[PDB]
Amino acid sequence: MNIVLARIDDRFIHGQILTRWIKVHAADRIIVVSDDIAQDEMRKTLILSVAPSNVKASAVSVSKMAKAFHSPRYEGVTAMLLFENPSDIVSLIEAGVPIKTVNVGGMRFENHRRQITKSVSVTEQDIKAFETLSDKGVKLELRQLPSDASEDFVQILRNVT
């Protein structure tokens, strides 16, 4: 399977954002990878119900994604993955799915989170995982649209701790 973009985004299929990434990479499908969202009936449906037509969408767990990534059915398929956070990306790599770059899009603020950028807010578990990701050599970029200039997330995160 050809993974064209792995993106982090708390809000998922919001506004014209995701559509713009799609038109640009010409992807066949969007897959939300998250164990929580895959076992939660009220949230799997509700996420995949505002995704664009002419585009297949589905929500699976880190385990099925791992299995699907290697399955021959989707051989050559062009996809774009959506993640709620950086740990499931780590969990997915520890299942044998190579992810070259990750586009950090947004992680909504909460009272126990630490705002790092206008759109990204992290916890302690989030930071460890962003670390581990640079350790596995994964490029970490920050931007909403294909037209915003790519900022380096690593430099941004470090200047904060």
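Don't overthink the numbering: it's just position in the shown sequence, from 1.
- Look at the C-alpha B-factors of 127-135 and of 102-110. On average they run higher in 127-135.
- Two stretches are in play, 4-12 and 150-158, and the higher mean C-alpha B-factor belongs to 150-158.
- Going by the entry's values, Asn54 shows the largest Cα B-factor out of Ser34, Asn54, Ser121, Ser58.
- In this PDB entry, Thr78 carries a Cα temperature factor that places it within the middle third of its chain's modelled residues.
- Per the deposited record, the Cα B-factor of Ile47 falls in the highest third when ranked against the other modelled residues of its chain.
- The PDB entry assigns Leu142 a C-alpha temperature factor belonging to the lowest third of its chain's modelled residues.
- Looking at the C-alpha B-factors along this chain, the one for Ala95 belongs to the highest third.
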